[PDB]
**Q** 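Handing you this structure, nothing more for now.
Note that these values count all heavy atoms, side chains included, but never hydrogens, waters or copies made by symmetry. In what follows, every chain begins at residue 1, and chains take the letters A, B, ... in the order their sequences are listed.
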Amino acid sequence: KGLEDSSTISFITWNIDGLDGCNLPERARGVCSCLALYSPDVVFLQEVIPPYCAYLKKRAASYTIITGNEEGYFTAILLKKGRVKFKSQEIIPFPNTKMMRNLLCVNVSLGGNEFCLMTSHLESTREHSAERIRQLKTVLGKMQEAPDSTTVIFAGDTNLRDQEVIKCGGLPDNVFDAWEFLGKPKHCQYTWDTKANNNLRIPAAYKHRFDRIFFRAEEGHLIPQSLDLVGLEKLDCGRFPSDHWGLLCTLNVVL
Amino acid sequence: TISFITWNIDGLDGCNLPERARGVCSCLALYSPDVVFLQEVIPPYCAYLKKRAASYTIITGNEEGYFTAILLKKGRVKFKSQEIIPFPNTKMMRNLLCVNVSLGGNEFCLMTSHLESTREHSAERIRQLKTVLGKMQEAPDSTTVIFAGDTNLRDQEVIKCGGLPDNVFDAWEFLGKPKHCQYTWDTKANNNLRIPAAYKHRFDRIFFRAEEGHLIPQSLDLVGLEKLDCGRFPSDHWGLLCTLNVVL
DNA sequence: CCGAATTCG
DNA sequence: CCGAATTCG
Ligand SMILES: [Ca+2]
Ligand SMILES: [Ca+2]
């Protein structure tokens, strides 16, 4: 990452299924091999557990880890050392979660710009649609509260169905979904796919765009450049790093 | 002056079913209504009614599984025809059962249904309600239309549906929303489902369309409120007894 | 047939 | 962690 790429932020967002203990160390090494290949500035992770933090400190030592909780399972934001200056951590609760979910925010400077970087793992399953929608509103409300000079990026596992974003009232006028921005490309549309991914061993074909990237920037100051899936290679154990595909995204920050 | 009972009699609950069926009819005997709208009837229950209620003409919504029925008191009600309207996307064999009848010079179209069940099937239930309301509008203006049945509705779903049309009224609302007969399915007062919690809903509803003011609800009461010898009620639902006057 | 929880496909 | 069918409190 040299002079030319200095105006770009690159990141990966990925629910890495830390609650599946089977093959977890090898699957962590798989995630870390992906981070080594693309060397993203930032990594947004969901379903991290404490042993997984240890694996990351070993196989992704060039990242500072900021976590959404101390025990159970939680999100984390990883920051590339020497590229990202960490300014503060903020955690916003979801008072009605039944699954210890919350909103993790990290304030940083990168490439000579101020960012508020957000992630969450919104309430899971169709049956908890109401709370998931309430949490999305909390997220979208927080994105709007940041100073107008700050660049806000949310990236996480939203567990959203399309009908739910409408029921939520659609995205506010100044908040954009990166996948939509890039013209809804088919190659990275689905991030959870039980036909293509066998980690859950579900004997049926269902697929969802659970993982999403939202951003709020002053008119034209933040331009998504690319969006691609990662984590599609089977590991030596014959499974994938996670039941989710990860998303690799690059964005330019423009005057 | 006409009377009727509408009641989901829970024919799919096999426990104490003979005693509960006899319990339902003991209740019908007490009030001897002109018309009875039933939901969740099963074939042997239907077979029972043809004997026990042999004094009623019995019209059914199906022959198999579970289904609705409309009983018409011979002498009082003249049966002219039955019509069944399908719900193409039902997953529960639900449909719309109508009968054309007269009492004196007064023509009626009487309708019942058991709308798609459970919170998860709200969207189909709403679609079925639109079909029902649509049908109510088709009758001649001189024909009095009454729907009475188990709608499984939540109030929000009626709103979602667009609300009742200007010329269709809910009898319970018309009577000023009396508290004593508001909830027709109540797990606190009713123990048949053995649900260890308190939920209550107004699932059973009466809708009518008449030329302005021709049909005036007079009373509405719950029935089936007494435990049977087995310590359970005739059904998990209360029945609704309604009396209305035809005013020309 | 409530909401929540559970197996198995 | 899908979703339909089933069981539980
Ligand atoms: Ca998971
Ligand atoms: Ca029933």
**Q** Given atom OH of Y190(A) and atom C1' of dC2(D), what is their separation to the nearest angstrom?
**A**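 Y190(A) atom OH is separated from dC2(D) atom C1' by 14 Å.
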**Q** Is the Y199(B)-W185(B) ring centre distance short of 6.0 angstrom?
**A**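 No, the ring centres sit 6.0 Å or more apart.
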**Q** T119(A) and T75(A): side-chain donor and acceptor closer than 3.5 Å?
**A**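 No donor-acceptor contact under 3.5 Å links the two side chains.
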**Q** In this structure, how many angstroms lie between the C1' atom of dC1(D) and the CZ atom of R209(A), rounded?
**A** 18 Å
**Q** Return yes if a side-chain donor-acceptor contact under 3.5 Å exists between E131(A) and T97(A), otherwise no.
**A** no
**Q** Nearest-Å distance, CG (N159(A)) to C1' (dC2(D))?
**A**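 In whole Å, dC2(D) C1' lies 11 Å from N159(A) CG.
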**Q** Using salt bridge (charged side-chain N to carboxylate O under 4.0 Å, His left out) as the criterion, list what pairs up with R27(A), not counting sequence neighbours.
**A** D20(A)
**Q** Would you kindly say whether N192(B) and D236(B) are connected by a side-chain donor-acceptor distance under 3.5 Å?
**A** no
**Q** What is the separation between atom NZ on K200(B) and atom P on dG3(C), rounded to the nearest whole Å?
**A** 15 Å
**Q** Taking the side chain of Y199(B) as heavy atoms from C-beta outward, which of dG3(D), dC2(C), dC1(C) is closest to it?
**A**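 For the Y199(B) side chain, the nearest candidate turns out to be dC2(C).
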**Q** Roughly how far apart are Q128(B) CD and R125(B) CZ, rounded to 0.5 Å?
**A**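 Here the interatomic distance stands at 8.5 Å.
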**Q** Tell me which nucleotide among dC1(D), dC2(D), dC1(C) gets nearest to the side chain of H244(A).
**A**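 Nearest nucleotide to the side chain: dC1(D).
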**Q** Near DNA chain D, which residues from residues 191-205 of chain A have a heavy atom under 4.0 Å away?
**A** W192(A), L200(A), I202(A)
**Q** Given the rule that positive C1'-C2'-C3'-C4' is north and negative is south, which one is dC2(D)?
**A**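 Here the torsion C1'-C2'-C3'-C4' comes out negative, placing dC2(D) south.
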**Q** If you assign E40(B) and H128(A) each to the DNA chain C nucleotide with the nearest heavy atom, which residue ends up on the more 5' nucleotide?
**A**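 That would be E40(B).
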**Q** Counting heavy atoms from C-beta on, name the nucleotide in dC1(C), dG3(C), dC1(D) closest to the side chain of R119(B).
**A**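 Nearest nucleotide to the side chain: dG3(C).
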**Q** Under 3.5 Å, is there a donor-acceptor pair linking the side chains of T243(B) and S219(B)?
**A**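 Judged by distance alone, the side chains do pair up.
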**Q** Of the nucleotides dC2(C), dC2(D), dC1(C), which has the atom closest to the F210(A) side chain?
**A**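 My answer, after comparing the listed nucleotides, is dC2(D).
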**Q** Measure from the side chain of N8(B), starting at C-beta and using heavy atoms only, and say which of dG3(D), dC1(D), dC1(C) lies closest.
**A**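 Closest of the options to the side chain of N8(B): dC1(C).
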**Q** If the P atom of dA5(C) is compared with that of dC1(C), how far apart are they to the nearest Å?
**A** 22 Å
**Q** Just how far, in rounded Å, is P of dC1(D) from CH2 of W14(A)?
**A**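 In whole Å, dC1(D) P lies 16 Å from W14(A) CH2.
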**Q** Taking OP1 and OP2 of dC1(C), is either one under 4.0 Å from a side-chain nitrogen or oxygen of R125(B)?
**A**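 Looking at the OP1 and OP2 atoms of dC1(C), neither is under 4.0 Å from any side-chain N or O of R125(B).
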**Q** Take atom CG of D204(B) and atom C1' of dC1(C), then tell me their distance rounded to the nearest Å.
**A**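 About 12 Å, once rounded to whole Å.
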**Q** Without decimals, in angstroms, what is the distance between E127(A) CD and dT7(D) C1'?
**A** 15 Å
**Q** Measure from CD on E131(A) to P on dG3(C) and round the result to the nearest Å.
**A** 16 Å
